[PDB]
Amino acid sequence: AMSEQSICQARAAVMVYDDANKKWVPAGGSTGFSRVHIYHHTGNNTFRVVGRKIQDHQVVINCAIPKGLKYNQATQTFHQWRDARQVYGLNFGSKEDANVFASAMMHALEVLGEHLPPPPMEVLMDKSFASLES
């Protein structure tokens, strides 16, 4: 009840977008792959994405998933969404990881309801995070 089960695990390079200089930067400040989970909170029926660098366990994404999140499959292997502070981009090691992770995210959202392109307006202007923390 006060614990979270992993419903999905994917390996990915976690990026964050820099609005002012219009480029993607590695989340946490260092290149490298992360292990990214979608966690379901058994008691509260909420979901969270948690990504940690494989090398040193640095937490580079810890993001509540709100009803209505805009999850953009920009390419077969690069998917984007945002929270109140940052715009994330997951560059998956493989189309298979990406398909699994996107599928799990879309299911969670149903329950709740130069190689890399920039985030579109629907992502940049997503206010779904505003339905939380109030």
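Each residue number is its position in the shown sequence, starting from 1.
#### Entry: Residues with no coordinates between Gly113 and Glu114, taken from the deposited sequence as a class
Gap between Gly113 and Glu114: 10 or more residues without coordinates.
### Query
Would 48-56 or 24-32 have the larger average of its C-alpha temperature factors, as given in the entry?
Comparing 48-56 with 24-32, the higher mean C-alpha B-factor belongs to 24-32.
### Task
Please work out which of 114-122 and 6-14 has the higher mean CA B-factor as recorded in the PDB entry.
Per the PDB entry, the higher value belongs to 114-122.
### Query
Which of these has the highest Cα B-factor in the record: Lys95, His40, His37, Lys67?
That would be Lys95, according to the entry.
### Query
Thinking about Cα B factors across the chain, which third does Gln80 belong to?
Lowest third, going by the recorded CA B-factors of the chain.
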